[PDB]
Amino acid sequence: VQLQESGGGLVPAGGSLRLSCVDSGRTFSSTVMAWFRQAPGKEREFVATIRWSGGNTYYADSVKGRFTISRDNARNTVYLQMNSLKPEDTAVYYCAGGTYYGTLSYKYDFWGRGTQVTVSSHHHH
């Protein structure tokens, strides 16, 4: 599968994580990468989107001022830096790619398998 997420795990509240996603570029061409997240018994939710060329970025309100998405496009990598984490940020995180710069999950072309972020509700940074 073309996208492989990495990073992610358990962090205390207030803590920091950097998620990465590497694209092998062997079946889908993309001009846009996004992060999505899915908590159990909630809908998939948009986190952040970036254009390969240009680096323009767009963020979900619940995530502004604390997450940063960026891309090393010569190394085909996307990053999600997560700061000031809150227990409600707990979810499986998916990178996705395609040509649609925006928010709708079904407009993206391919998906990584997801990586679990668990923000502790007891332990703080």
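From 1 onward, residues are counted along the sequence shown.
Here 107-115 and 17-25 are compared by their mean Cα B-factor, and 17-25 comes out higher. Two stretches are in play, 91-99 and 27-35, and the higher mean C-alpha B-factor belongs to 27-35. Residue 47: CA B factor lies in the lowest third for its chain, per the PDB record. In the PDB entry, residue 74 places in the highest third of its chain by CA B-factor.
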